[PDB]
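Visitor: Any chance you can model this:
(6 chains, ligands or ions: 7)
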Amino acid sequence: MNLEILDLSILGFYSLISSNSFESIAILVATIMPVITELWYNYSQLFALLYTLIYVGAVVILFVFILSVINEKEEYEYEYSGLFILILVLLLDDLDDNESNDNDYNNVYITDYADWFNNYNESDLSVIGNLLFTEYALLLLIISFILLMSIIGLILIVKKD
Amino acid sequence: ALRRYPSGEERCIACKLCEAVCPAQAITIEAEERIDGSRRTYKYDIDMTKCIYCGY
Amino acid sequence: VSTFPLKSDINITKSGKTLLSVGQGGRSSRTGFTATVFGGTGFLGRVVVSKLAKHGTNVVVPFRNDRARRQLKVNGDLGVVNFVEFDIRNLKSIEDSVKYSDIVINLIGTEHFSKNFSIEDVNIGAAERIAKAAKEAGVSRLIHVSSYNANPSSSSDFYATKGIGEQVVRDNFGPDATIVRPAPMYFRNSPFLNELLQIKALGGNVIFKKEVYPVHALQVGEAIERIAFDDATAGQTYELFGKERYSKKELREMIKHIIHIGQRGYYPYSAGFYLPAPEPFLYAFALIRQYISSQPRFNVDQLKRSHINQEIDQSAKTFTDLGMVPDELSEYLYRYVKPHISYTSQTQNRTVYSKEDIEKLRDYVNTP
Amino acid sequence: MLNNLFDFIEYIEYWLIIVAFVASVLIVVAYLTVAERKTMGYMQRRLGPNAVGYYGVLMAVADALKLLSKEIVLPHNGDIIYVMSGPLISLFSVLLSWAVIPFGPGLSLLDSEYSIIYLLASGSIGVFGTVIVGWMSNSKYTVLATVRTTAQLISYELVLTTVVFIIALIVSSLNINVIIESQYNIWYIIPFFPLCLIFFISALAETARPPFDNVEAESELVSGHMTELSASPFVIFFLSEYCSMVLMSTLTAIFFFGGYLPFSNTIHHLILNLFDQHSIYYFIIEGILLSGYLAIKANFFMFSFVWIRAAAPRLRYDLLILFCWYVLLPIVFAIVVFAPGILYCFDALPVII
Amino acid sequence: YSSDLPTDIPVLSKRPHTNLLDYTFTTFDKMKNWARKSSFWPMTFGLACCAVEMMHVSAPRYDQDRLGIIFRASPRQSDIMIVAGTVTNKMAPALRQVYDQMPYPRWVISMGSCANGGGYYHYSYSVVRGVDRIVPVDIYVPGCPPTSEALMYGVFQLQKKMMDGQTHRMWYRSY
Amino acid sequence: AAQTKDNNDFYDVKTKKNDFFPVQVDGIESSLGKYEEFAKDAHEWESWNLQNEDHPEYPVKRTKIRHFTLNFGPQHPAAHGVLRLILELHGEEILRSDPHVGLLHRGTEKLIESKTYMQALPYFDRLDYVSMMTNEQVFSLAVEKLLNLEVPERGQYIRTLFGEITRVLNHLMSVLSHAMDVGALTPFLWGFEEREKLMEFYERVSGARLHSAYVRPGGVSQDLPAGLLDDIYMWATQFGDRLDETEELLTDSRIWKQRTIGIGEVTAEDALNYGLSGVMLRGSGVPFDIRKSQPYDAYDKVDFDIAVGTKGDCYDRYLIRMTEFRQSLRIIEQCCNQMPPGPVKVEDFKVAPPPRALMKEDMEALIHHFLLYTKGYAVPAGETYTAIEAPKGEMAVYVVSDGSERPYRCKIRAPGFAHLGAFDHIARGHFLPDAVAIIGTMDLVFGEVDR
Ligand SMILES: CCCCCCCCCCCCCCCCCC(=O)OC[C@H](COP(=O)(O)OCCN)OC(=O)CCCCCCCCCCCCCCCCC
Ligand SMILES: NC(=O)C1=CN([C@@H]2O[C@H](COP(=O)(O)OP(=O)(O)OC[C@H]3O[C@@H](n4cnc5c(N)ncnc54)[C@H](OP(=O)(O)O)[C@@H]3O)[C@@H](O)[C@H]2O)C=CC1
Ligand SMILES: CCCCCCCCCCCC(=O)OC[C@H](COP(=O)(O)OCC[N+](C)(C)C)OC(=O)CCCCCCCCCCC
Ligand SMILES: CCCCCCCCCCCC(=O)OC[C@H](COP(=O)(O)OCC[N+](C)(C)C)OC(=O)CCCCCCCCCCC
Ligand code: SF4
Ligand code: SF4
Ligand code: SF4
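Guide: Numbers count the residues shown, from 1 in each chain, chains lettered A, B, ... in the order given. Ligands and ions are numbered 1, 2, ... in the order given. See below for the structure:
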């Protein structure tokens, strides 16, 4: 039983019924956690950890803004929905989870063959840094330039002075 | 605590000095003449929840 | 309540004592009476003991729970409230409670049974023992509180034992024993309203169809005060009920709107507000929890009583015989379900349901 | 039985290893609460808890059992999601961070080339779980404390992350075990004495410990985010906060004092030469020895957590923000440029081996 | 619907242990009573000069912390309420609200003549004549102010009563 | 002030002054017709709005939202007892402070009129209940002044000796509790053991650790027990180290100075206008002390110095209160070395009780003992305003005598009452943690404030 399917089923239910802004900042965290875990267990543990290191800091800053802008509006308001229309919507959605229509690509299993030629064996992050700091160093230096612009941009927007 | 003489007789002569001094009015005294004829009290109450433990 | 609960400052008990009253009726006053309230730590005892102790009537409260009795001492002045550790299986402790009292009030009664006490032990065995112990101690007035549908020949083990208990109280204490038959009582932390205010009520489609005539608990506590201080009420049976008849389905649905659980079209159905179940499942689950759960849950006998509606005994006396007007649940329903309203807290504007608004809501509930 | 009984232990052996791992960490956390009051007591010329259990050894047990026997305060029985989700996120975060702590060579539940990132990433989740208590709450002291938690997180997160990255840069690895074994000939306290202070200062701010206890400031916000918490939700938050103190004390011993490496190589060999290596008793003693070295170093920093609480007054959090952004960040980013330049000048760029 | 009730079964506080379950729930009670007595967390509620003596109990000479006594700011973390000072009419509703917010089990200690019965200010227009008009009180400590040892003795009396609790054997033998 | 059209209780319509020209636009048209031809349907066309929200005079009805209002109520460690400090915050910045008091108002002034002068004395023990003996002294001085009596020489020195022991007892409570509220827990524990040693001297002379009705009109209730001065002198030989160790954790600490430097600044003008006295006045540069201005009870026969601040903030007053620690110890040593022999109470049995040995042999002593405890002593009609240098500041009593044995009126001037009345002026601008520092630097005991 792939229990990640159940997790996304609950998350989709709570995204349809979410009312206030605090629930939305919880839908975000309830989305990154399935992403981080599935990356950890299937494809990339490096990027599972990079997601946690960067998105959490963004989440708390996002949460602190909710405190300064919460404006009483959706606590006392009413929503109608209907339990039957919610579950029927989620049932129809769950029916079609085939993002791709290449049946052979989705059904036939493949393998790779290992070789011993790579005797200098290092992590993916060392190769990523090796290329990023040598061949795509321009991409890194532009990213540094964009980060500098954000620093100036945030000040010229928020600072009253 | 009320005190006795060594003979066992009470020291208090029901003179009601301590009742008048008591800043908190925590002392209540009723007195009369004893059967043997002595000036003795039959009622001496201190309200310990009203006393301020002041020694007067 | 009032300021002085007596018609005079002198009262001669039917046992021969003459009791004078002192003071204007405050905490420092006295009425000259000593009363014993069995079951004073219960829901109704706290109402009764508070009304007796506030006017200076010395109250003996026999307890089995040491923590539950502590709040009772605050009701009266120094020396007014007295506690006796007791058990209905202990006879010396029962006599000690009534040894000095001129009035004995019996509020002991359960709708359940446990490993130690059956419904026959409490609703009959205790009531009989207390009535006899009261008589040997020279108590002038006995007041026994049965249920609203007391009947010695009832199909319900609670209604039957309550009905038999009425008989045994008169057979021991004598014809002068007074009997009270309250309806379901509503108040703060009321057992009647608590099951209606609970969210995950299983099998409400069966349980909540019973119709009743609910009565304010403050009036029942006030009526008992009238009965004890008026000897013309000896040997009488009182049916204390409200003027209006409600079914628990109506109140359950009326409460839902006051709690505003219906603000969402999905939330009540998702949260378990409605939990329909076949009656055999309700029987098995009630039967199973009777030997597995340690806390008194909805038992088998309460399932049977869900079908039996409240029948007012027409030969008994009412609030009007005591010179009192019954309160209306419409004028008190909001303030007693007010603690359970979800957001409230001066968010934008409170919806204070007046007496007129509650009756308007009742029609809307009954509209399909 | 016999054979089935014997190989069932083999089927359950690693679960007991984890249970023993969990038990070992909880014993330190439980008795850190006792040790803090004893240490503060004698510094304050009192005794501290000595009446609950023989010489006070059951004080931690009594505090947990009493709090676990208390009523939980919440508007409704179904409102557990409100004041329990926060404590659980905080507790699960710090406990998962212990998966990468090696008590000896290879004795960590999780070993990977990115153990450093996992350590920082896991602890960042605990910060999120703290702010959840002020979830549109009507308690103004809980709300006021949530604002201060975010302000402190911004202060220490950059400095603490960058300091650990400099240590990882000196060894060119993000594996915690490799960093410990890289300190055989030198403990990083000597080359990076400024960074050890900054790491400990960041640890005090991360754990909301004085002089950075602006979150749970009793004299300011009665109990901070805990003012509405009672019974089990209060224990879990209290347990997780003291778990974080043990974790950051152990990380101070790992990043700068060689982790489990012996204080004296001569004495370490002398003690281990008494036991035959062909017997299982050698590896018990070695496990006790290596963890003892880690325990001694971590005990000193757990002592230092208590020591700074009993000597320094509290600093306002708005001053903490200026201190971290105007003082600590410029210094740490200077060393992140200083250190590679020194190593390149002497042809000593690190590699993993 | 007949019944037959025993007559000579003793009360809970005097009932001896007869079977195994009597020992089992007594052990269950003792452990919980031991913890609550050991973790004695009063609420910081010093009102007047009676608070000075309560602060001296935490002072190094007496050091209540050695007995497991820790003062908590929030009522949620407290199980003992020590009323140390005069309770005025302006303060009584706040005192009752603070008491009501303590999760059970909760005990109240009344310290000093003001809290016991009014004391020096008994005949004042703005003083409550005893804190037991507002909240239940478990023990009364006398003095103006009670000494630190007098307060510690009062705490020791409460801990003695807490160690006699039989809550779980009450369920077994009285319910 | 007055409900107007653009400003009322529930909302306001705020318009700023127009910086730009009042440009006139007439004849609005599109390419299909004039404005009035489509103005009926222009409500659905956002591009047809003639009112611009950036204009300074754009009408906006804004509900008046309560600012973040916090009850810094009685149940709070910062408040030294029962203080319902109501703060309107902007985040954590204080915008307005409303100290609500009377939670410890017990009608002491009303009750005193019903008591004789001797019976009313213990009421003063319970106003500033850490500086107990100083409170008794100001009432005793006022009654002695009305009685036209004076304490003998040894009695005056005893009131000076325990006047400075009491001052140390107060500053240990004040300085260390203020430090503890800032976050320095340890100094509180060290110095409270010094309070235990000092309260031992309190208990030996009177029999009460705290409420020692020992200073009475005419002198002191009982003489010093044998061996008391040696214990006091022995305590004094070590107390210098206790003060130094406390200063090791606070005085030069950068964290302590960051919490106190520039916090709660008070100008010398505002200190006088708001009636601040003692350390609050002296921290602002004013060198004024009541022990110097109107000397009393052997303060003229000892030597001490007054510390005066220059910046009038919390750090200046901390240094001043630490100097007074050492100046009191200087006075304590002098009193121990200069205590004269002789009677401790006035030699008048119409005011002071006679000795018990004389009471039980002399008829005139027994009459005076009987009359003193059943009627008190009459005080000549008049009034007085007597002030002392209490550890909190200027404490004074305004007593009115009607010629009887009961005081007609007794108004107690509490130094903390005036200090708390300037809190809103002082704490504005500062943050919520700074209010904790400002409260602790005023030395607020609310029994004194409310009485
Ligand atoms: C350690 C476990 C922590 C979580 C345990 C509590 C379980 C509750 C749900 C957790 C996340 C599941 C998906 C929910 C996404 C957010 C949607 C939301 O609004 O929260 C649901 C919660 C329930 O409120 P409810 O009364 O049912 O609905 C409103 C009725 N008008 O409304 C609330 O606002 C309460 C939310 C409390 C704070 C939760 C913060 C998010 C934590 C997520 C961590 C785990 C990541 C998600 C894993 C599951 C994925 C489905
Ligand atoms: N809606 C209602 O509440 C109705 C009430 N009644 C009857 O009114 C009376 C008052 O009950 P109420 O206050 O409302 O709610 P409770 O259930 O709390 O009444 C039970 C009271 O009697 C005591 N009791 C029960 N069994 C025993 C026992 N073996 N030994 C000693 N005491 C026992 C209980 O003591 P303890 O508190 O220590 O557990 C409690 O005080 C009851 O007899 C009830 O049958 C009838 C119709 C309506
Ligand atoms: C290059 C080598 C780097 C050295 C590495 C260490 C860096 C430390 C920087 C400190 C600077 C500082 O204390 O800053 C002070 C700042 C702001 O002070 P300010 O407002 O500017 O006033 C001071 C400016 N004066 C004096 C010039 C006017 O806040 C503080 O009080 C921070 C107090 C931190 C105490 C934390 C306790 C840690 C205990 C550790 C036990 C193991
Ligand atoms: C499993 C979950 C975690 C473990 C939790 C442990 C908590 C600690 C237990 C509470 C301690 C407690 O109760 O000991 C304190 C109690 C309190 O005695 P008292 O009330 O003053 O009356 C007792 C004195 N009389 C009756 C004379 C007045 O001493 C006892 O009676 C202890 C006596 C029984 C000792 C039996 C020991 C058997 C061996 C046990 C070890 C193998
Ligand atoms: S009445 Fe009071 S003062 Fe007079 S003798 Fe008796 S105890 Fe002493
Ligand atoms: S010590 Fe107590 S009883 Fe005696 S006079 Fe003083 S207040 Fe009254
Ligand atoms: S009882 Fe005495 S010491 Fe206690 S608060 Fe009242 S006056 Fe002060």
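
Visitor: and residue F:308, backbone torsions?
Guide: When read as degrees, to the nearest 10, the backbone of residue F:308 gives phi -120, psi 130.

Visitor: Likewise for the one 4 residues further on?
Guide: When quoted as degrees, to the nearest 10, the phi and psi of residue F:312 stand at phi 60, psi 40.

Visitor: Help me confirm that it comes into contact with residue F:267.
Guide: Yes: look at residue F:312 against residue F:267 with CB atoms under 8 Å: they come within range, at 6.6 Å. Where C-beta positions appear, they are placed from N, C-alpha and C, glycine not excepted.

Visitor: Quick check on the two: which one has the bigger neighbour count.
Guide: residue F:312 (24 against 11; other CB atoms under 10 Å in any protein chain shown).

Visitor: what about the closest residue to that one other than its chain neighbours, which SS state?
Guide: Counting by CB to CB, 6 or more residues apart in numbering or on different chains, the nearest residue to residue F:312 once its immediate chain neighbours are dropped is residue F:284, at 3.9 Å. When classified by DSSP: H, G, I helix; E, B strand; the rest coil, residue F:284 comes out as coil.

Visitor: what do you get for residue B:45?
Guide: The three-state assignment at residue B:45 reads strand, by three-state DSSP.

Visitor: Residue numbers of chain B in contact with chain F?
Guide: Counting by CB under 8 Å from any CB of the partner chain, the residues of chain B close to chain F are B:17, B:20, B:21, B:23, B:52, B:53, B:54, B:55, B:56.

Visitor: hey, what's in contact with both of residue F:312 and residue F:267?
Guide: Residues touching both residue F:312 and residue F:267 (CB atoms under 8 Å, 6 or more residues apart in numbering or on different chains): residue F:284.

Visitor: Need the nearest residue in space to residue C:120, chain neighbours excluded.
Guide: residue E:3 (3.9 Å).

Visitor: Equivalent analysis for residue F:117, please.
Guide: Residue F:117's closest residue in space is residue F:143 (CB to CB, 6+ apart), at 5.5 Å.

Visitor: Pretty sure that neighbour sits against residue F:399.
Guide: Yes: between residue F:143 and residue F:399 there is a contact at 7.1 Å, judged by CB under 8 Å.

Visitor: and residue 21, what is it in contact with?
Guide: No chain specified, so I'll use chain A. Per CB under 8 Å, 6+ apart, neighbours of residue A:21: A:66, A:69, A:70, A:74.

Visitor: please go with chain D instead
Guide: Contacts of residue D:21 by CB under 8 Å, 6+ apart are D:98, D:109.

Visitor: measure it to residue D:286 for me?
Guide: 17 Å (CB to CB, to the nearest Å).

Visitor: ok, now residue D:71?
Guide: 48 Å.

Visitor: Quick check, central residue of chain E?
Guide: Nearest to the geometric centre of chain E sits residue E:107, at 3.1 Å (CA atoms, centre = their mean).

Visitor: Backbone dihedrals for it, both of them.
Guide: Note on residue E:107: its backbone torsions stand at phi -130, psi 160 [degrees, to the nearest 10].

Visitor: Now for it: which residues touch it?
Guide: Per CB under 8 Å, 6+ apart, neighbours of residue E:107: E:79, E:80, E:81, E:138, E:139, E:158, E:162.

Visitor: What segments of the stretch 251-353 of chain D are helices?
Guide: D:265-272, D:280-309, D:317-323, D:329-345 (DSSP state H, counting those that start in this stretch).

Visitor: Would you mind giving those helices as TSV with mean neighbour count added?
Guide: As requested, the helices of the stretch 251-353 of chain D are exported to TSV (neighbours: other CB atoms under 10 Å in any protein chain shown):
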stretch	mean neighbour count
helix D:265-272	12
helix D:280-309	17
helix D:317-323	17
helix D:329-345	13
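
Visitor: wait, what's in contact with the residue of the stretch 101-250 of chain D found nearest ligand 7?
Guide: Distances between the stretch 101-250 of chain D and ligand 7 by CB to the nearest ligand atom are smallest at residue D:219, namely 22.6 Å. Residue D:219 makes contact with F:77, F:78, F:180, F:181, F:182, F:183, F:436, according to CB under 8 Å, 6+ apart.

Visitor: circling back to that earlier point, quick check, the residue nearest to residue C:120 in contact with residue C:125.
Guide: Yes: checked against CB under 8 Å, the pair residue E:3 and residue C:125 is within contact range at 3.9 Å.

Visitor: Neighbour count: these two, which is higher?
Guide: More crowded of residue E:3 and residue C:125, by other CB under 10 Å: residue C:125, with 23 against 19.

Visitor: State the three-state secondary structure for that one.
Guide: Residue C:125 is classified as helix under three-state DSSP.

Visitor: Packing partners of the helix of greatest length in chain E?
Guide: With DSSP state H setting the assignment, residue counts place helix E:20-38 as the longest helix in chain E. Judged by 3 or more CB pairs under 8 Å, 6 or more residues apart in numbering or on different chains; DSSP states H and E, the packing partners of helix E:20-38 are helix D:59-68, helix E:148-162, helix E:167-174.

Visitor: Only the buried residues of the helix or strand residue C:162 falls within, if you could.
Guide: For residue C:162, the host element (DSSP states H and E) is helix C:157-173. In terms of neighbour count (16 or more other CB atoms under 10 Å in any protein chain shown), helix C:157-173 has its buried residues at C:157-166, C:168-170, C:172-173.

Visitor: check whether that helix contacts ligand 2.
Guide: No: Helix C:157-173 lies apart from ligand 2 when judged by CB under 6 Å from any ligand atom; the minimum separation is 6.8 Å.

Visitor: what are the phi and psi angles of residue C:212?
Guide: Dihedral angles (degrees, to the nearest 10) for residue C:212: phi -150, psi 180.

Visitor: for residue E:66, same thing?
Guide: On the backbone of residue E:66 - angles per degrees, to the nearest 10 - the values are phi -70, psi -20.

Visitor: Next, find the distance separating the residue lying closest to it once chain neighbours are set aside from residue C:193.
Guide: Distance criterion CB to CB, 6+ apart; nearest residue to residue E:66, sequence neighbours excluded, is residue D:47 at 4.5 Å. Residue D:47 sits 53 Å away from residue C:193 when distances are taken as CB to CB.

Visitor: the more surrounded of the two?
Guide: residue C:193 (24 against 17).

Visitor: ok, that one touching residue C:336?
Guide: Yes: under the criterion of CB under 8 Å, residue C:193 makes contact with residue C:336 at 6.3 Å.

Visitor: between the two, what contacts are shared?
Guide: C:186, C:187.

Visitor: what sits against the nearest residue to residue C:67 once chain neighbours are set aside?
Guide: Leaving aside its chain neighbours, residue C:67 sits nearest to residue E:105 (6.9 Å; criterion: CB to CB, 6+ apart). By CB under 8 Å, 6+ apart, residue E:105 lies in contact with C:67, D:70, E:36, E:79.

Visitor: The residue nearest in space to the middle of chain A and ligand 7, how far apart?
Guide: For chain A, the residue nearest the mean C-alpha position is residue A:32 (4.4 Å; CA atoms, centre = their mean). Plainly put, residue A:32 is 56 Å away from ligand 7 if you go by CB to the nearest ligand atom, to the nearest Å.
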